[PDB]
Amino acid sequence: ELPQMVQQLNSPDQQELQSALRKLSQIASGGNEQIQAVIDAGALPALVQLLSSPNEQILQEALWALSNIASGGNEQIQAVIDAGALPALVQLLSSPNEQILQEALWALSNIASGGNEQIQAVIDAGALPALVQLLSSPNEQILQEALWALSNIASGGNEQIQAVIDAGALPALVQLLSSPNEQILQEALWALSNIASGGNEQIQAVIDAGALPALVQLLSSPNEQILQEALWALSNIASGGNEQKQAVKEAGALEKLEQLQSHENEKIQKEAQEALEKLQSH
């Protein structure tokens, strides 16, 4: 039984403690039904308490348990929030331990994968300045994890996207469009696409940050995957007002889109057409 395992989390014997902690995280990784049974067993206050443990073996497993629980539904995510996990997770973004730092980013990214209430709770905990600073990390793993977290925050309402812009994420996201790293380029394109899925003001902020010359340059890429990612970001920008449409035209996207209508890849043909048609709309 699970409530017996929850009781073992404050056991003076480490083998007993760690085995219950491993089991609970293993169960938490097996779908929303199993996530609900771990929550119902009263595991969340005990897991959050284990976040201030100086024992890396405990901390790693407890962070792994909480990330998995935060991968569930919005009400399951909200329970991780209500158990007071966010201050400990934000504080853990200052850890010089790369293992702890990545797991802390996983947890925050999963919490922010929820609805606007869960996204806002991550913003309100003060995660944004740390996430923006991590966009400058020379560690690709941390950078990629930080970008997934910002992309999730930017997937919410206009007020949640405005928080990412107000944190100064756009100059760093635009610079990442010049990365020779295709994985980082995709995530930066995805984060910018999410911001561009907001209101005209959010779309304009992407343009004012200087994303259009880098986006237009990516339309000439011999890589069809990058092309698809750039077209998606452009289609979101083109969905704005006439002031936003004009800026894309002024960057020379039309000429690149019209050329992309004669591409071998049918998915490229389709998306370039919808983007070009959205731009030339009146």
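Heads up: residue numbers just count along the shown sequence, starting at 1. Take the two forms, find the largest set of C-alpha atoms that superpose within 1.5 Å, and that set is the rigid core.
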Response to the item:
RMS over structures and residues, CA atoms, rigid core fit in 6 other deposited structures of this protein: 17 to 25 vs 259 to 267, larger is 259 to 267
Worksheet item: Looking at the entry, does 136 to 144 or 196 to 204 show the higher mean C-alpha B-factor?
Response: 196 to 204
Response to the item:
Once average C-alpha B-factors are taken from the entry for 145 to 153 and 72 to 80, the winner is 72 to 80
Worksheet item: Out of 67, 225, 32, 239, which shows the largest CA B-factor listed in the entry?
Response: 32
Worksheet item: Thinking about Cα B factors across the chain, which third does residue 219 belong to?
Response: middle
Worksheet item: In terms of the CA temperature factor given in the entry, to which third of its chain does residue 61 belong: lowest, middle or highest?
Response: middle
Worksheet, complete the sentence: On the chain's distribution of Cα B-factors, residue 50 falls within the third called middle
Item to complete: Going by the recorded CA B-factors, say which third of the chain residue 254 sits in, lowest, middle or highest.
Response: highest
Practice prompt. Comparing against every modelled residue in the chain, figure out the third that the C-alpha B-factor of residue 44 lands in (lowest, middle or highest).
Written response: highest
